[PDB]
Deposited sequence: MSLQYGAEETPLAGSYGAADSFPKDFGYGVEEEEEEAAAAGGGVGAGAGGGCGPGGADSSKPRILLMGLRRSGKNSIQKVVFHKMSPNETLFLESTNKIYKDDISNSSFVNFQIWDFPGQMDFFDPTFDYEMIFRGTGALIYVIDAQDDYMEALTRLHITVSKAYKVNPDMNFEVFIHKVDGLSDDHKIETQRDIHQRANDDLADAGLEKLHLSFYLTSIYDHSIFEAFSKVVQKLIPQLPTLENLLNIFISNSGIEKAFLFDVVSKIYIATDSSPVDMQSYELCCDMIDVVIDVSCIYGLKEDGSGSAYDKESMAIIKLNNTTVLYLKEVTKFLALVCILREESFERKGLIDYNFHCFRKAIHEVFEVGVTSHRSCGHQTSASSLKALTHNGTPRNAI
């Protein structure tokens, strides 16, 4: 029940419903043209700003943003008054319709004025972070992963547990994922290749979608993801992807070589120490 709390905001047609649909109700981007199950407590949108961790203001960059930029300044100016520990996030959204010249121009511009408008009100000590997002890209997932990692006080502990696990288990990279959202709340200390994240997100999709079709039990339904959810994917360059259930919200996805995976037994035994430790972290 003590999840991180995020509020999405933005003018109509900015793309809020489209972001919500794609990330948290696991639905395709194209079908958003007609519109309790995650580690994250998220809501579209002064008691509300009291107990929230982060506000994501969205902007349509296929559209003029002058009006957009002004509600932004006012919306954040308000929130800061009530709770100045809140983090302020800005989804320069719909950049899949631009060319790269126009994306960089637009970001330089929105970043410039947004930060100018904050100087004028003497709100010096109010950080804005910016992001280029798209329901048609993985940018929305990376942006949410970055937003959520800021609200987990236990992240140093999580990064350390993954480091001990992978270093002792022959593993190149580990991602602690929120399964519905495909957001990563932690990874080991090795640098993150966003192509690696993206492939791991696409693995979660195949595992969950194949699970939703098979083994739901003989009645209409049980649950696709349970304590025995596991997958092994072999790629022709001898890469192995390995997903194991950690909690009802958390799956572990591991990248390693067939050569380390020869030692699955050790991986499997160390995994159960890592899983218990993660249970202790979150008093589950």
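Gaps without C-alpha coordinates occur at 1-58, 94-105, 116-130, 370-399, with positions taken along the deposited sequence from 1.
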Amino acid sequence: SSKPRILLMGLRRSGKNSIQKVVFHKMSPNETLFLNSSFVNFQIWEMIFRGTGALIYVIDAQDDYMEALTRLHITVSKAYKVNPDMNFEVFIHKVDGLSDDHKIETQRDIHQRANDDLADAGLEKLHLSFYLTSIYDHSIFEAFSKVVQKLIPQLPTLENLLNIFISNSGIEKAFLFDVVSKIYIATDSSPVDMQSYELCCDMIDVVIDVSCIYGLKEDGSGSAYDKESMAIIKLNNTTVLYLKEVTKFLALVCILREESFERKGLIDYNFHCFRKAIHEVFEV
From here on, numbers count along this sequence of modelled residues.
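Relative to its counterpart among 56-64 and 26-34, 26-34 has the higher mean temperature factor, C-alpha atoms as listed in the PDB entry. The mean Cα B-factor in the deposited entry runs higher for 101-109 than for the other of 101-109 and 153-161. Ranking 257, 217, 234, 227 by the C-alpha B-factor listed in the PDB entry places 217 at the top. The PDB entry gives the largest Cα B-factor of the residues 199, 82, 166, 180 to 82. When all modelled residues of the chain are sorted by CA temperature factor, residue 39 is found within the middle third. Annotation for residue 17: C-alpha temperature factor in the highest third relative to the rest of the modelled chain, per the entry.
Annotation for residue 173: C-alpha temperature factor in the lowest third relative to the rest of the modelled chain, per the entry. When all modelled residues of the chain are sorted by CA temperature factor, residue 184 is found within the lowest third.
The entry lists a Cα temperature factor for residue 7 that places it in the middle third of the chain's modelled residues.
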